[PDB]
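Every read-out reported here was derived from the displayed coordinates using simple, explicitly stated rules and does not represent laboratory data. Cβ: placed from backbone, ideal geometry, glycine included. Neighbour counts: every protein chain shown.
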Number of protein chains: 2
Amino acid sequence: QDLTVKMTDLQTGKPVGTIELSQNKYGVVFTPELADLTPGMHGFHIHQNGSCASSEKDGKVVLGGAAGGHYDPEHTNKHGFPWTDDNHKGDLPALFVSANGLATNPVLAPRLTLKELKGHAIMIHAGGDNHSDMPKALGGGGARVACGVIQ
Amino acid sequence: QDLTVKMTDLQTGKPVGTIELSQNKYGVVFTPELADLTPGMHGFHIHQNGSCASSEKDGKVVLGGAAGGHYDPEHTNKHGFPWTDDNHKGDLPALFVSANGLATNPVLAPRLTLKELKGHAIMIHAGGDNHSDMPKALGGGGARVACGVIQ
Ligand SMILES: [Cu+2]
Ligand SMILES: [Cu+2]
Ligand SMILES: [Zn+2]
Ligand SMILES: [Zn+2]
């Protein structure tokens, strides 16, 4: 059995679709069926905490902030590619959103297992992801726009 | 060492960029640096023959036709996902082209080895790729728009 995760828009709070997670011999496949997102490539990662709630810093609200940082069980403390080991295991390939706001292209994360995903959050960012902390920390994804908690 | 492949637009014959091929523990990474392509997702596959020349059928010219069909050394005779074994080993993840005609997002083909790629062609299609022969044969990629021969 695969897993289905419901995704929610952090600004309006409305649902934007689902992501199907599937265990394959080469890793976990993420098949999205999302709508209402801005066209373009978006940073897509697994975050530490199983929460999509916001958090605060200096009295400012941070949407999706409760999810914490990137899933990084080996304590690499660095952002990278989905196919490099010295970086966050939660680093997924960027998610493509078409001109009409639809996300339907599946991507593979070869370092992950479906089992370990439970209890973490799937996050989609405003910006893209160049898979590096240079020139922008965490791939330049920026704000969190949509989030979902796995299982 | 990685491999660099030069890509050429089949209609005008001009170069559109390069693709860097790299062997990784999880498969081969294709990092494109292309321009002048139509925005959207494009079918992206490895074809049998090491040629980007055209071919003819019923006296009609078929651009890129000399490359033959999809690389399929196990004779599966079916189009599928980059992470399923019962289909063409030349089936790569779809290539994303931004609003400005640039392709710079890397993708991983976990079933391939850099070694076996030599002598085949990399092809980009007009249409997309749903990784199935349904409802359209070969994922609905259609015409061949850009092509390059590996090594
Ligand atoms: Cu993130
Ligand atoms: Cu093809
Ligand atoms: Zn990361
Ligand atoms: Zn195929």
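How much length, in nm to one decimal, is gained on full extension between A:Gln11 and A:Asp85, taken as 0.36 nm per residue of separation minus their Cα-Cα distance?
Working: separation 74, 0.36 × 74 = 26.64 nm, distance 3.31 nm.
Here the segment from A:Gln11 to A:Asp85 would lengthen by 23.3 nm.
Between A:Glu116 and B:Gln151, with labels modelled 7 Å along Cα→Cβ, what's the label distance in nm to one decimal, could you check?
Reported label-point gap for A:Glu116 and B:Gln151 is 3.2 nm.
Taking the Cα-to-Cβ direction at A:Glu20 and at A:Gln1 and moving 7 Å from each Cα, how far apart do the two end points lie in nm?
1.5
Looking at segment A:88-151 from every direction and averaging, what is the projected area of its Cα convex hull in nm²?
Values: hull surface 19.7 nm².
Computed as one quarter of the Cα hull surface, the answer is 4.9 nm².
Size of the dipole of the protein assembly as shown about the Cα centre, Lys and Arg at +1 and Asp and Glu at -1 on the beta carbon, nothing else charged, in debye to 20?
On the way: 24 positive and 30 negative charges, 10 e Å.
So the magnitude is around 60 debye.
Taking each label point as 7 Å beyond Cα in the direction of the beta carbon, state the distances from A:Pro39 to the same residue in the other copies, shortest first, in nm.
Label-point distances to the other copies, shortest first: 0.3 nm.
Put a label point 7 Å from Cα along the Cβ direction on A:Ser132, then list its distances to the equivalent points in the other copies in nm, shortest first.
Result, one decimal in nm: 3.8.
Based on a Kirkwood Rh over C-alpha pairs, give the Stokes-Einstein translational diffusion coefficient of the protein assembly as shown at 10 °C and viscosity 1.306 mPa s in µm²/s. Display every interim value, and only then the final one.
On the way: Rh = 19.9 Å.
In µm²/s, the coefficient rounds to 80.
For A:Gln48, list long-range residues whose amide hydrogen, built 1.01 Å from N in the peptide plane, is under 5 Å from its own amide hydrogen.
Those qualifying (amide H under 5 Å, at least 5 residues apart or on another chain) are A:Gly69, A:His70, A:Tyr71.
Separation between the B:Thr104 and A:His75 pseudo-spin-labels, each 7 Å from Cα along Cα→Cβ, expressed in nm?
3.5
Of all the Cα-Cα pairs you can form in chain B, what percent are over 24 Å apart? Write down the numbers at each step before the final one.
Working: 2671 of 11325 pairs.
Of all Cα-Cα pairs in chain B, 24 percent lie more than 24 Å apart.
Shortest first, in nm, what separates the label point of A:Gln1 from those of the same position in the other copies (7 Å along Cα→Cβ)?
5.2
Taking Cα pairs under 8 Å and at least six residues apart, what relative contact order does chain B come out at, in percent? Present the calculation step by step, with values, prior to reporting the outcome.
Numbers: 427 pairs, mean separation 44.9, N = 151.
Here the relative contact order equals 30 percent.
Report the one residue of A:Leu95, A:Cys52, A:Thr31 whose Cα lies farthest in the direction of the positive end of the charge dipole of chain A (charges on C-beta: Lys and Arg +1, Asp and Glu -1; origin at the Cα centre).
Result: A:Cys52.
Below 11 angstrom from the Cβ of B:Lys25, what's the summed charge of the other residues (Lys, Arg +1; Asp, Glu -1)? Let's see the in-between values first.
Working: positive: A:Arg111; negative: A:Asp85.
That works out to 0.
With θ set to phi - 60°, apply the Karplus curve 6.51 cos²θ - 1.76 cosθ + 1.60 along segment B:138-151 and write out the HN-Hα couplings as whole Hz, x wherever there is a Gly or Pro.
6, x, x, x, x, 4, 8, 9, 8, 8, x, 9, 7, 6
HN-Hα J couplings of segment B:17-29 from phi, Karplus 6.51/-1.76/1.60, θ = phi - 60°, integer Hz, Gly and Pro as x?
x, 9, 10, 9, 9, 9, 8, 9, 5, 9, x, 9, 9
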